[PDB]
């Protein structure tokens, strides 16, 4: 019942995302997911206040619940209430292995 979703960091052109297996069984709440994403995506140059917002890869909308997440889709994690429309990148030959 878990959904394979790719997460990127806002404004990072070099980072190719991390694959998560998402379900309400793995994460108690959406905050619990944002807490886990803060640990795995945050670093010295990225995410100053950790993961506080999730955007669709085109930055058209913000994701507020686990249900809003679609299987195999890519999302952008941010510390700020704005989307950095940078050229996000993927491998030419995929790797959809969970990192979770």
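Residue numbers count along the first chain shown, from 1.
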> Which is higher in the entry, the mean Cα B factor of 22-30 or that of 47-55?
Replying inline: 22-30
> On average, are the C-alpha B-factors higher in 3-11 or in 90-98?
Replying inline: 90-98
> Which third of the chain holds residue 41 when residues are ordered by C-alpha B factor: lowest, middle or highest?
Replying inline: lowest
> Mind checking which third residue 35 falls in for C-alpha B-factor across the chain?
Replying inline: middle
